[PDB]
Amino acid sequence: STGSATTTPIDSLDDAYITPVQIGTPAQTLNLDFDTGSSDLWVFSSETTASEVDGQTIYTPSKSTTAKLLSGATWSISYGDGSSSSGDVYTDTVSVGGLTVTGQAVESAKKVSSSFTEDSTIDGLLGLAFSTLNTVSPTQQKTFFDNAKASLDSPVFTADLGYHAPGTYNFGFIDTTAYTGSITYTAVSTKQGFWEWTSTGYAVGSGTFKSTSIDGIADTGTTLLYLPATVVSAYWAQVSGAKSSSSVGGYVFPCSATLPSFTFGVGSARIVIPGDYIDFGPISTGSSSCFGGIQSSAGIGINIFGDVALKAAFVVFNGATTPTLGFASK
């Protein structure tokens with residue numbers, strides 16, 4: 001089997017991408033944030049505290065003839081940005097782009113943190129990291145991909161995120177028309193539960209490539225590119241007037257600037273992030289100070305190849321017995 005679904009930016013900045021997901025019978029379609037940095041499929045629901053729902057579409061398990069409460073199961077998650085959610089668990093039929101999993105754990109939120117409530121465009125998350133990170137207790141549950149894998153034509157999914165435009169998540173096949181050149185594959189460590197890999201270096205604009213190992217995670221659920229402070233300083237030094245602002249929370253730059261590209265290495269291959277992809281717009285409405293799309297990871301503990309990086313590539317998440325990642329230009 002295969003599946004293919006379009007993923008759409010939630011706003012004009014590509015702050016996140018939403019993909020429609022069919023849950024239950026008859027189908028209830030929710031727009032979920034596919035997140036290769038986490039491993040829970042959780043949704044706003046008829047069980048979510050009413051004051052914490054503000055425009056999201058909800059899953060109502062009592063209206064699904066295939067929903068079954070997973071007795072005694074609860075979940076609770078906290079993300080790297082400070083947000084969190086928790087609740088109970090159903091199993092139900094879940095389909096993405098024509099690919100159907102029966103008995104998928106659907107984690108129904110009873111509580112969500114304010115950042116979720118405040119974003120009416122995201123109805124929940126669909127985790128695509130390794131199932132070892134799934135938070136369901138006392139019996140950990142499998143991700144959608146883990147459940148589908150054995151049925152897929154090939155045990156892979158691909159992320160093809162658009163810049164200021166829709167893109168595609170495919171399951172079970174490589175669309176060889178979706179990229180240019182070849183796909184360069186690189187080793188993955190699953191020891192932390194992430195799609196963790198090592199970039200071979202970087203360049204700023206037309207500058208020389210710096211060969212240096214940068215361990216990080218391929219994370220579709222993170223907006224920005226978080227890299228070591230040395231790398232980030234070298235980038236923003238090429239933007240007149242750019243500076244790190246403690247009060248804003250990162251590097252800012254004059255909105256009048258033209259940003260240089262940023263290149264990262266995948267083996268001997270190179271992925272070029274155009275400068276425009278690094279512009280996240282005014283820090284507050286009407287400001288002439290703009291927020292940068294490359295930020296320091298120094299306070300995180302891990303480097304994160306988020307959407308800023310991934311949207312410049314066609315990315316293969318190869319879930320073979322020994323997982324690997326592939327990157328192609330497009």
# chains A, B, ... in the order shown; residues from 1 in each chain; ligands from 1
$ select_by_dssp --residues "stretch 111-190 of chain A" --states "helix (DSSP H, G or I)" --output "VMD selection string"
chain A and resid 114 to 117 131 to 133 144 to 151
$ residues_around --residues "residue A:108" --least-positions-apart "2" --cutoff "8 Å" --atoms "only C-alpha atoms" --output "PyMOL selection string"
chain A and resi 42-45+47-48+59+86-90+106+110
$ atom_distance --atom1 "atom CA of residue A:23" --atom2 "atom CA of residue A:92"
6.8 Å
$ closest_residue --among "A:10, A:232, A:248, A:302" --to "residue A:192" --atoms "only C-alpha atoms"
A:302
$ atom_distance --atom1 "atom CA of residue A:163" --atom2 "atom CA of residue A:280"
11.9 Å
$ atom_distance --atom1 "atom CA of residue A:277" --atom2 "atom CA of residue A:313"
12.1 Å
$ select_by_dssp --residues "stretch 210-323 of chain A" --states "strand (DSSP E)" --output "PyMOL selection string"
chain A and resi 210-218+225-227+243-245+250-254+262-266+269-273+279-282+289-292+294-296+303-305+314-318
$ residues_around --residues "residue A:237" --least-positions-apart "4" --cutoff "12 Å" --atoms "only C-alpha atoms" --output "list in words"
residues 204, 205, 229, 230, 231, 232, 233, 241, 242, 243, 244, 251, 252, 253, 259 and 260 of chain A
$ residues_around --residues "residue A:83" --least-positions-apart "5" --cutoff "12 Å" --atoms "only C-alpha atoms" --output "list in words"
residues 76, 77, 78, 111, 112, 113, 114, 115, 116, 117, 118 and 119 of chain A
$ closest_atom_pairs --of "stretch 68-159 of chain A" --to "stretch 172-187 of chain A" --cutoff "6 Å" --atoms "only C-alpha atoms" --output "CSV"
residue,atom,partner,partner_atom,distance
A:152,CA,A:172,CA,4.8
A:153,CA,A:172,CA,5.1
A:154,CA,A:172,CA,4.7
A:155,CA,A:172,CA,5.8
A:156,CA,A:172,CA,5.2
A:157,CA,A:172,CA,5.9
$ write_last_selection --atoms "N, CA and C atoms" --output "short mmCIF file (atom, residue, chain, number, x, y, z; two decimals), in the first residue's frame"
data_model
loop_
_atom_site.label_atom_id
_atom_site.label_comp_id
_atom_site.auth_asym_id
_atom_site.auth_seq_id
_atom_site.Cartn_x
_atom_site.Cartn_y
_atom_site.Cartn_z
N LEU A 152 3.25 -1.27 3.79
CA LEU A 152 3.68 -0.35 2.75
C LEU A 152 4.50 -1.05 1.68
N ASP A 153 4.45 -0.53 0.46
CA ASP A 153 5.27 -1.07 -0.61
C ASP A 153 6.75 -1.03 -0.25
N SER A 154 7.19 0.04 0.41
CA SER A 154 8.54 0.20 0.90
C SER A 154 8.39 0.88 2.26
N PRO A 155 9.22 0.52 3.25
CA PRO A 155 9.03 1.04 4.62
C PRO A 155 9.60 2.44 4.82
N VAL A 156 9.02 3.40 4.11
CA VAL A 156 9.53 4.76 4.05
C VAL A 156 8.37 5.74 4.06
N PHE A 157 8.67 6.97 4.48
CA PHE A 157 7.81 8.10 4.18
C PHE A 157 8.70 9.25 3.76
#
$ closest_residue --among "A:18, A:218, A:96, A:227" --to "residue A:297" --atoms "only C-alpha atoms"
A:227
$ residues_around --residues "residue A:208" --least-positions-apart "2" --cutoff "12 Å" --atoms "only C-alpha atoms" --output "VMD selection string"
chain A and resid 201 to 206 210 to 211 234 262 to 264
$ residues_around --residues "stretch 304-308 of chain A" --least-positions-apart "6" --cutoff "8 Å" --atoms "only C-alpha atoms" --output "JSON list (two decimals) with N, CA, C and O atoms, in the first residue's frame"
[["chain", "number", "residue", "atom", "x", "y", "z"],
["A", 16, "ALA", "N", 4.02, 26.39, 10.55],
["A", 16, "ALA", "CA", 3.80, 24.96, 10.68],
["A", 16, "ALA", "C", 3.00, 24.55, 9.46],
["A", 16, "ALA", "O", 2.53, 25.40, 8.70],
["A", 161, "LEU", "N", 8.18, 19.61, 1.92],
["A", 161, "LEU", "CA", 7.50, 20.80, 2.42],
["A", 161, "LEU", "C", 7.74, 21.95, 1.47],
["A", 161, "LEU", "O", 8.84, 22.13, 0.93],
["A", 216, "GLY", "N", 22.34, 16.44, 14.60],
["A", 216, "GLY", "CA", 21.06, 17.08, 14.87],
["A", 216, "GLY", "C", 19.93, 16.18, 14.44],
["A", 216, "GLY", "O", 20.15, 15.07, 13.95],
["A", 217, "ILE", "N", 18.71, 16.66, 14.60],
["A", 217, "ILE", "CA", 17.53, 15.86, 14.29],
["A", 217, "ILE", "C", 16.75, 16.49, 13.14],
["A", 217, "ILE", "O", 16.68, 17.72, 13.01],
["A", 218, "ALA", "N", 16.19, 15.64, 12.29],
["A", 218, "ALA", "CA", 15.29, 16.09, 11.23],
["A", 218, "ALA", "C", 13.89, 16.16, 11.84],
["A", 218, "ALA", "O", 13.30, 15.12, 12.16],
["A", 219, "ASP", "N", 13.37, 17.38, 12.02],
["A", 219, "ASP", "CA", 12.16, 17.61, 12.83],
["A", 219, "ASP", "C", 11.16, 18.49, 12.09],
["A", 219, "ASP", "O", 11.23, 19.73, 12.14],
["A", 220, "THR", "N", 10.18, 17.86, 11.45],
["A", 220, "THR", "CA", 9.17, 18.60, 10.71],
["A", 220, "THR", "C", 8.27, 19.42, 11.62],
["A", 220, "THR", "O", 7.59, 20.33, 11.14],
["A", 221, "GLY", "N", 8.21, 19.10, 12.91],
["A", 221, "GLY", "CA", 7.39, 19.83, 13.86],
["A", 221, "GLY", "C", 8.04, 21.04, 14.48],
["A", 221, "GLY", "O", 7.43, 21.69, 15.33],
["A", 222, "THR", "N", 9.28, 21.36, 14.10],
["A", 222, "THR", "CA", 9.96, 22.56, 14.55],
["A", 222, "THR", "C", 10.07, 23.51, 13.36],
["A", 222, "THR", "O", 10.46, 23.10, 12.27],
["A", 223, "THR", "N", 9.71, 24.78, 13.57],
["A", 223, "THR", "CA", 9.67, 25.74, 12.47],
["A", 223, "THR", "C", 11.06, 26.07, 11.94],
["A", 223, "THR", "O", 11.28, 26.14, 10.73],
["A", 224, "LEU", "N", 11.99, 26.36, 12.84],
["A", 224, "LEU", "CA", 13.25, 27.00, 12.51],
["A", 224, "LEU", "C", 14.41, 26.00, 12.49],
["A", 224, "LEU", "O", 14.28, 24.82, 12.81],
["A", 225, "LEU", "N", 15.57, 26.51, 12.09],
["A", 225, "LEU", "CA", 16.82, 25.77, 12.04],
["A", 225, "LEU", "C", 17.66, 26.21, 13.23],
["A", 225, "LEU", "O", 18.04, 27.38, 13.32],
["A", 226, "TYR", "N", 17.92, 25.28, 14.16],
["A", 226, "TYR", "CA", 18.67, 25.55, 15.38],
["A", 226, "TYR", "C", 20.02, 24.86, 15.30],
["A", 226, "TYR", "O", 20.09, 23.63, 15.22],
["A", 227, "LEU", "N", 21.09, 25.64, 15.33],
["A", 227, "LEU", "CA", 22.45, 25.17, 15.10],
["A", 227, "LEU", "C", 23.39, 25.74, 16.14],
["A", 227, "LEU", "O", 23.03, 26.66, 16.89],
["A", 273, "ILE", "N", 19.61, 26.43, 1.34],
["A", 273, "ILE", "CA", 18.43, 27.13, 1.84],
["A", 273, "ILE", "C", 18.49, 28.56, 1.31],
["A", 273, "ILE", "O", 19.38, 29.32, 1.72],
["A", 277, "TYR", "N", 14.00, 32.00, 2.73],
["A", 277, "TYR", "CA", 13.43, 31.01, 3.63],
["A", 277, "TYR", "C", 13.75, 31.32, 5.09],
["A", 277, "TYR", "O", 13.14, 30.73, 6.00],
["A", 278, "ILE", "N", 14.73, 32.19, 5.33],
["A", 278, "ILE", "CA", 15.24, 32.50, 6.66],
["A", 278, "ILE", "C", 14.57, 33.73, 7.25],
["A", 278, "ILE", "O", 14.83, 34.10, 8.41],
["A", 293, "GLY", "N", 15.35, 33.01, 10.86],
["A", 293, "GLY", "CA", 14.99, 31.61, 10.77],
["A", 293, "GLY", "C", 16.07, 30.61, 11.13],
["A", 293, "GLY", "O", 15.81, 29.40, 11.14],
["A", 294, "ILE", "N", 17.28, 31.11, 11.39],
["A", 294, "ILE", "CA", 18.41, 30.34, 11.88],
["A", 294, "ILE", "C", 18.72, 30.89, 13.26],
["A", 294, "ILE", "O", 18.93, 32.11, 13.42],
["A", 297, "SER", "N", 21.10, 26.78, 18.95],
["A", 297, "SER", "CA", 20.63, 25.65, 19.73],
["A", 297, "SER", "C", 21.24, 25.60, 21.12],
["A", 297, "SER", "O", 20.97, 24.65, 21.86]]
$ closest_residue --among "A:99, A:125, A:320, A:109" --to "residue A:151" --atoms "only C-alpha atoms"
A:99
$ closest_residue --among "A:144, A:209, A:34, A:169" --to "residue A:103" --atoms "only C-alpha atoms"
A:144
$ decode --residues "stretch 184-223 of chain A" --atoms "C-alpha atoms" --output "PDB file, in the first residue's frame"
ATOM      1  CA  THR A 184      22.028  11.200  -0.657  1.00  0.00           C
ATOM      2  CA  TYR A 185      21.433   8.845   2.249  1.00  0.00           C
ATOM      3  CA  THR A 186      23.065   9.308   5.634  1.00  0.00           C
ATOM      4  CA  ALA A 187      23.211   7.294   8.844  1.00  0.00           C
ATOM      5  CA  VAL A 188      20.664   7.683  11.634  1.00  0.00           C
ATOM      6  CA  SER A 189      20.978   7.096  15.357  1.00  0.00           C
ATOM      7  CA  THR A 190      17.702   6.125  17.030  1.00  0.00           C
ATOM      8  CA  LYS A 191      19.206   6.135  20.535  1.00  0.00           C
ATOM      9  CA  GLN A 192      17.264   9.259  21.568  1.00  0.00           C
ATOM     10  CA  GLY A 193      14.135   8.245  19.633  1.00  0.00           C
ATOM     11  CA  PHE A 194      14.689  10.859  16.910  1.00  0.00           C
ATOM     12  CA  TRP A 195      15.732  10.881  13.271  1.00  0.00           C
ATOM     13  CA  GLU A 196      19.185  11.946  14.429  1.00  0.00           C
ATOM     14  CA  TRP A 197      21.955  12.352  11.863  1.00  0.00           C
ATOM     15  CA  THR A 198      25.242  14.197  11.303  1.00  0.00           C
ATOM     16  CA  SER A 199      25.561  16.973   8.758  1.00  0.00           C
ATOM     17  CA  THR A 200      29.002  17.309   7.200  1.00  0.00           C
ATOM     18  CA  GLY A 201      29.212  21.109   7.407  1.00  0.00           C
ATOM     19  CA  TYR A 202      27.881  24.409   6.172  1.00  0.00           C
ATOM     20  CA  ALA A 203      28.424  27.495   4.061  1.00  0.00           C
ATOM     21  CA  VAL A 204      27.049  31.023   4.352  1.00  0.00           C
ATOM     22  CA  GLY A 205      25.993  32.608   1.070  1.00  0.00           C
ATOM     23  CA  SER A 206      28.685  32.212  -1.561  1.00  0.00           C
ATOM     24  CA  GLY A 207      31.316  31.573   1.105  1.00  0.00           C
ATOM     25  CA  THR A 208      33.557  28.563   1.367  1.00  0.00           C
ATOM     26  CA  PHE A 209      32.158  25.344   2.765  1.00  0.00           C
ATOM     27  CA  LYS A 210      33.247  24.565   6.333  1.00  0.00           C
ATOM     28  CA  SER A 211      33.655  20.829   6.860  1.00  0.00           C
ATOM     29  CA  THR A 212      32.504  20.070  10.398  1.00  0.00           C
ATOM     30  CA  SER A 213      30.251  17.433  11.933  1.00  0.00           C
ATOM     31  CA  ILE A 214      26.914  18.790  13.156  1.00  0.00           C
ATOM     32  CA  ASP A 215      24.742  16.208  14.925  1.00  0.00           C
ATOM     33  CA  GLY A 216      21.064  17.079  14.868  1.00  0.00           C
ATOM     34  CA  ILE A 217      17.526  15.863  14.290  1.00  0.00           C
ATOM     35  CA  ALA A 218      15.286  16.085  11.230  1.00  0.00           C
ATOM     36  CA  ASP A 219      12.163  17.611  12.827  1.00  0.00           C
ATOM     37  CA  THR A 220       9.170  18.602  10.711  1.00  0.00           C
ATOM     38  CA  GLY A 221       7.389  19.828  13.858  1.00  0.00           C
ATOM     39  CA  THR A 222       9.962  22.562  14.546  1.00  0.00           C
ATOM     40  CA  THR A 223       9.666  25.741  12.466  1.00  0.00           C
TER      41      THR A 223
END
